[PDB]
């Protein structure tokens, strides 16, 4: 009754009464948790209540002692274990179990969720010994709904990726597998049961298959799945194909026999189904195959020894002649009405086609080219659009050499497609041209195709918003690919540069145009500037003034902001303008100096009006960083005005992204200004050291902060002795932070990044103490430096930057203590091995290998005193 109204209000669209209800529930769970549980499970078990109420009760009950988040989950589970009595637990368990039999599907499903949540707690501790036997019995003997719900509960329990729960289930493995497979068979008269069973099998794959190691279980599962894919019922088909997709994703290596035997034909049939949902799943099957094989191809490529090769069966390659024509056919099933990023069959097919091209390379070209030639001039826009889409789709993957003559042949017709009636065809054409430029710019000859290509893309950008993004993307690719050589006076786009800048400035000129088009076009302008040649420098200079003028004009615009939309639009404008400004600053370098005063004036004025969640301060900082790098010691005059803004960004960790940017700015300023930045470094150190005081061990800012220590040390030299005791202390502590015996990828990466920071820090410090003739005061820390060097050497987890920095420090140490004071520590074998490994890695860059060579030489000059 009351709980019915609280639950109904809990689902209410009015957030005031919804939040009110949520508060009532939370309060109820706080005042008497056990009674809260009883009330909810009783409402769930009540056959006189509506399904959605019962489901709501069951969900709330589930959430009373379960959560996705680790810590929440720890706390809530503890509530089930230690804040209930056995009578309440027994009651909740029994009522939940009984509700599985309910003819109301929503109540049954909810009860399955409840049971899974309880099982996750009790089964590892063996506190519900009756459960799995009861579920298996229900799944085999129950009425329709009891079967459905119990199968669902079994699936929920088996899918739970928890080692202890899995292990507790081990003894029930065959009984569970038998129950779900037998439930899924066509001999099962009830289609509802079959769907529940095949779904449960899919959820239980990791568990019941025993990792598919044994042929009997394998054939058992594969037989029923293949059978279910050709079931008359659409839902059963869907469950089957979803199951099949997970099987392929998990057990590719076991699939050869089954692929040849049935999967090939089954998925072909599935892709051509009249039901869009199973068609989607069947296309996804081949997307999964392609993804796997792309990964395998890549891994087997990077491998030196064939014993390291992963099993590879070339499924996609073999299947090309059957699957690709179907995919192309599905490209013609566009829904012009459908929303954006709505995943329909046509976009699914396109994704698959892309992956297919990567997976099989040149093999995909003849069926696609046949399709493109047939349909490029079709009367139905569906087929023309499909044709150009397909063409662009296969640009990334096959041998460039093979594509070059096809691109050359198809360049002019594809450009002509930009004048198609259909806006869909024009958009797909623009994107395809971007794909082409990106993958095969070499095949595009400037003198012949460049000008019309650019003209058509700009024509599209300036007159047709629907294709603006695609045009912008293509244009950016072109600017990137036709950039010319470093130091060059001209590149192919240079005679088009001024016109291009004019066009981009024109389309971004309205204050009422589409904000997304404005943003996209500004990005284009940025990339054009970045890749501009020296003949265009005066134009870039002129552009920087226009951009500056527009930036200045946003300041009174800021004043007119009323709505949140106004705010967002203004912030995108300023962020885009800062991006372009940044581009001109970097491109002009020293030549930017005459506009330095104007730049800092408007940028600081923009900072003073920023606040809250905004992308603007970060863009401003990026532009300022550019100006500091360009003007160097000339930038010092802006430090009086700018430093307090920098300090404030540094001290505010509640804006993580800006804080990180601020730390990067300190590195920029100290490196760009050098010793001229020394008077500000005590303030820097105070903020940096202040940041290090945390309740978080893996402080996200620490790696960059340590790198920053290195830059400051270089800038202030002998001054750094003031900070040596503290910083060395921090560096030594940081060196002990590791991912542990079984760490995540994120923590492994964090530690690699951290140790990059540490090594940079030591590097700057060693240099500072050497040049100030203070190697005596550095001497006590040298042993800890070698210790870390050795730790890095003995850890197969590393980055190129880390090894480079390590080589650098080894060399620095040799310089700092000449005439063989460290000859002993250097002649150690792990040192030599470390350096030799670094110099001999052909995958490393030139900087690193040169640094490794310097390290070797530095070592050698140490051995003999």
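Positions refer to the first chain, counted from 1.
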When mean C-alpha B-factors in the record are compared for 815 to 823 and 47 to 55, the larger belongs to 815 to 823
Going by the entry, of stretches 744 to 752 and 260 to 268 the one with greater average Cα B-factor is 744 to 752
Entry record, C-alpha B-factors for 771, 429, 302, 150; the maximum is at 302
Based on the PDB entry, the highest CA temperature factor among the options 212, 350, 709, 128 is that of 212
Here the Cα B-factor of residue 115, set against its chain, lands in the third termed lowest
Chain-relative C-alpha B factor for residue 88 (record values, thirds): the highest
On the chain's distribution of Cα B-factors, residue 439 falls within the third called highest
So, residue 680's CA B-factor, relative to its chain, sits in which third? The lowest
By the entry's values, the third containing the CA B factor of residue 535 is the highest
